[PDB]
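S.K.: My questions will all concern the structure given below.
2 protein chains.
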Amino acid sequence: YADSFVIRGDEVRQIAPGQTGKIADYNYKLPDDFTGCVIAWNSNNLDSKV
Amino acid sequence: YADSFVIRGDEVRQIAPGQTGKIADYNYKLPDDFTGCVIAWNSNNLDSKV
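Chains U and D, in that order, are what the protein sequence lines are.
Read the first sequence against UniProt numbering and you will find it ends at 445, with the numbers running on by one and no gaps.
Read the second sequence against UniProt numbering and you will find it ends at 445, with the numbers running on by one and no gaps.
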């Protein structure tokens, strides 16, 4: 399974098993026994406008 | 006459008549009787690599 989206810089730490915040409990919740990997990178120069 | 270059974000104030600094007195100097105009804009998403 591959899931993709775009979030804020601060909130990448919320994508982890057993984590609390705003995205975790309202937008994207991970299973506690999740197995797999998470990849995140910077897209400021592609998704930001003046 | 049109002159073009690229400088650090903080140095835009150094491009002014009768101004002193590092670029203002070693790379580009504006005459005290300068007439004309100056334009500066952002290139963070064009001239920056990971």
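All C-beta atoms in this analysis are idealised placements derived from N, C-alpha and C, irrespective of residue type, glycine included.
Take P426/D and list the residues in its own chain whose beta-carbon comes closer than 8 Å to its own, dropping the five residues that flank it on each side.
M.R.: If we look at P426/D and ignore the five residues flanking it on each side, its Cβ neighbours are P412.
S.K.: Helix, strand or coil: which one does DSSP assign to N422/D?
M.R.: Residue state, collapsed to three classes: coil.
S.K.: Cα-Cα, which of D428/D, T430/D, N422/D and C432/D is closest to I402/D?
M.R.: Taking only the C-alpha atoms, the option nearest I402/D is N422/D.
S.K.: Could you have a look at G431/U and say whether DSSP puts it in helix, strand or coil?
M.R.: Correct three-state label for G431/U: coil.
S.K.: Is any beta-carbon of chain D found at less than 7 Å from that of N422/U?
M.R.: Judged by the 7 Å Cβ criterion, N422/U is not in contact with chain D.
S.K.: What residue range is occupied by the uninterrupted alpha helix (DSSP H) comprising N437/U?
M.R.: Segment: none, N437/U is in no alpha helix (DSSP H) and carries neither H nor E.
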